[PDB]
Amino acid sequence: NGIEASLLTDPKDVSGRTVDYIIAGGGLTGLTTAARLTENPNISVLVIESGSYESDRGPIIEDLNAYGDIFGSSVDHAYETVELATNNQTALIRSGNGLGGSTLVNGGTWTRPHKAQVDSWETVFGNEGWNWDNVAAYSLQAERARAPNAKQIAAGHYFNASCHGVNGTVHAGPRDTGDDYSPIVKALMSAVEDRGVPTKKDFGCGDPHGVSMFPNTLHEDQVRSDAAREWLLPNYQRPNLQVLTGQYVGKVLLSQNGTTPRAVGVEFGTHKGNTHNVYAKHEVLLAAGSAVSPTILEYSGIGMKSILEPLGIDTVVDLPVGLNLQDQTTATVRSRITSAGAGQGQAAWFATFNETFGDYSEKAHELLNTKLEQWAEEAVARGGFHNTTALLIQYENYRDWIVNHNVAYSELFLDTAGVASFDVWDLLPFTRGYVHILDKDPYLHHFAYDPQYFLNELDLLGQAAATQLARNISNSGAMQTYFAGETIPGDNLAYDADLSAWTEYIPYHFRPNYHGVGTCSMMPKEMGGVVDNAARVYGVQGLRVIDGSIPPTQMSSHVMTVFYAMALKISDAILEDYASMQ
């Protein structure tokens, strides 16, 4: 009778029962893991998701070109930040609410980071086995990519088959609306070539640099490949896979009768006073998203006493939950185009530090070479992190990425389809923020989410330089043929604005990038981490965090390719322990 009829909506169907694994959150990592675990018919899984099934709704979900129309609806959590210090305004964090999580609402861009960035998760953040070669293999295993056709190659696509899986689960291929592709993509490529910048690198191969087109998470018929469509719809008839919709996981139930606390279940519901319990024989897996999974821990008594004590919550395990939050800032440059520029197409410039800063490179490098210690002390003073020595290790890692590997530092993302529009973000922010609960009741959803955008001076300078670069390249070389006047900033910022003018403009003309990671960072406890290299929360048995909370660093890429691989890798660790616990 279809997937919808298989979904559970009544809490009484699971209340008081025991399953092998409970997954809080039916998003990208939650549904990937639920599918992987239920391949064994003897493993029972219950997914609890706050939203519902959305993959069949229609174009607002299924058409990637409708991106953004869903914002503000019931399928968007729209988490509100604190009043940001940079501009004394509240910001909204777009985040998908429904089966598939933010894969229901995202831009569909399918790229991978730089090899050195993933390698550092093992060599710097002490996560044995978390290196590019290992993670990339899981990524290719998840991937079901389609090579571009002659039309798509002619528009600018380049596909290196050795960097892609073709027999996996997540359908990926070129976006193709059916119309001609705009010549502006190739014009951007020519414009950066004039400056010695590479083009047409395959951004799945481990060196994202230059201007390239890329695959998207959609089927060949252009239907969005959201994680529910890819991982749940093919498998919903499995009797060992249960999915409860419309309910929030409030906290993890802990048993302290043993020598170490153990997660034995969860409480779920929609309002205080009408909750229900469900129990896990093996493990509870938190996958509610980087903004939520840390709060679930705090409501459970897992977090910093300085936070929990004033709220009346006993601290069962003291950990720096909710710190080390890393999101990027995004600004827009938009220009009208000539009729000859018409057509579809997206592309992105993954720009190095020196490409981003141009003639300011020397001054920017001087800051990078002298201020890391002071920046770390200040971020710690602002509550973004607790241990300055540990944070400095992160900053030195970023310096190594920039100076020794020349990784991409900013992304200039081009949309065409009738205009020339760049969304631009500094990929490697040095600011660190936090998320903390403000009340003991999980169902009040009263929390403080503060990414601390632009409170590090290099983040502001880098964003300003990258956005200025987007204006520059929009009217340089071959792009001049198609340029027909800037509309954003337009009248809001003089066209000849220098870098200092951009730095004054940017704090009042940016949005969150909604790429937040790090709130339950996977790194050693002594470095400020919350989970080990198998995603297990320190000091608690049978509890893991498996979502975007755990990446300890940002990366020069869009994260789906890594997060699918992440979930598969953690799933293998879960299954290994399951076999031992028999």
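All residue numbers are counted from 1 along the displayed sequence. Heads up, when I say rigid core I mean the largest set of C-alphas that superpose within 1.5 Å between the two forms.
S.K.: Superpose by the rigid core and compare 256-264 with 136-144; which one moves more, by C-alpha RMS, in 4 other deposited structures of this protein?
M.R.: More C-alpha displacement in 4 other deposited structures of this protein shows up in 256-264.
S.K.: So which stretch wins on mean C-alpha B-factor, 523-531 or 510-518?
M.R.: Per the PDB record, 523-531.
S.K.: Would you mind comparing 145-153 and 466-474 for me and telling me which has the higher average C-alpha temperature factor in the entry?
M.R.: Stretch with the higher mean C-alpha B-factor: 145-153.
S.K.: Take the CA temperature factors straight from the PDB entry and tell me which of 310, 289, 383, 322 peaks.
M.R.: If I rank 310, 289, 383, 322 by C-alpha B-factor, first place goes to 310.
S.K.: Out of 108, 168, 113, 174, which residue has the highest Cα temperature factor in the PDB record?
M.R.: Of 108, 168, 113, 174, 168 has the highest C-alpha B-factor.
S.K.: So where's residue 56 on the chain's Cα temperature factor ranking, which third?
M.R.: As the PDB entry reports it, the C-alpha B-factor of residue 56 lands in the highest third of its chain.
S.K.: C-alpha B factor of residue 35, ranked within the chain: lowest, middle or highest third?
M.R.: Residue 35: CA B-factor falls in the highest third of its chain.
S.K.: Going by the CA temperature factor in the PDB record, which third of the chain does residue 180 belong to: lowest, middle or highest?
M.R.: Highest third.
S.K.: Consider only the C-alpha atoms of the modelled residues in this chain, order them by B-factor as the entry records it, and name the third containing residue 256: lowest, middle or highest.
M.R.: It falls in the top third of the chain.
S.K.: Based on the entry's values, in what third of the chain does the Cα temperature factor of residue 498 lie: lowest, middle or highest?
M.R.: Middle third.
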